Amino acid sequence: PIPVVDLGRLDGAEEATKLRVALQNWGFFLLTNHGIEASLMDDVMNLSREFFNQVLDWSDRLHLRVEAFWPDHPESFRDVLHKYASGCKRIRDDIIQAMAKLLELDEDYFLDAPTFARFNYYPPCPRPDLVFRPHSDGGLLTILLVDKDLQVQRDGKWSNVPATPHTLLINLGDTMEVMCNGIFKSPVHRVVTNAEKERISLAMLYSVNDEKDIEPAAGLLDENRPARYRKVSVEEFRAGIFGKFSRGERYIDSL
């Protein structure tokens, strides 16, 4: 039973509650019928596997920041990349726009910040070994692409998310859960792949600026809807996500 949203028919009524039911329960959904055209998606997927072409190979990672004329049909990798990103930005602003109205805050509430792109290419390569470490995107949102077929933690159990072609996974980042007042949830995920199978993924990451500090949202607290999160500065927030105190499954074992 997996949440799907249609980018059209949002501003809808039902597809707009579908967003809500999706963001509260799972913190993620997969968005179909957006604006990006399948012609562009496959080329980003494929120009990517191309850009990366005993001793065998397990993965390739590049992550890099975005932020003449330009072809209505791009074809250079440095150019096809740009149409999709600025295709994703529009998809994004449609999203936070719908949210701000699910939460009954002005739509304009949400505002700019830098953008990042992470490419993970997981080639085939025959073998019987699995390796990678779950994490939760500590940012605003993340818009994710996959061709060559991904899992989230809910109720301690892990469950798989079927990535289906020409559709886009979109999940919420931690700081955005703070800001939503926990009304919407930032999920936990991990990637597990089998060695000898292809898995190209390209994920857009939207962080946020040195601005008015990560605290829960303005007109969303009153006398009877208290704040679930403390007010921390954009910077104590950043150091936080890279500072760990005590944990580890190895100590889970200690006795």
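We number the residues from 1 along the sequence you see.
According to the PDB entry, the deposited sequence contains 10 or more residues between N53 and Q54 that lack coordinates. In this entry, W158 and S159 are joined directly, with no residue of the deposited sequence lacking coordinates between them. Comparing 19-27 with 238-246, the stretch with the higher mean C-alpha B-factor in the PDB entry is 238-246. The deposited model assigns a higher average Cα B-factor to 68-76 than to the other stretch when 68-76 and 87-95 are compared. Each of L168, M179, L141, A113 has a CA temperature factor in the record; the biggest one is found at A113. As recorded in the PDB entry, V131 shows the highest C-alpha B-factor of the residues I183, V131, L172, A100. Placement of the Cα temperature factor of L150 within the chain: middle third of the modelled residues, per the deposited record. Annotation for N46: CA B-factor lies in the middle third of the chain's modelled residues. Among the modelled residues of its chain, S39 has a C-alpha B-factor that falls in the middle third, as given in the PDB entry.
Ranked against the other modelled residues of its chain, the C-alpha B-factor of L255 as given in the entry falls in the highest third. Placement of the Cα temperature factor of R61 within the chain: highest third of the modelled residues, per the deposited record.
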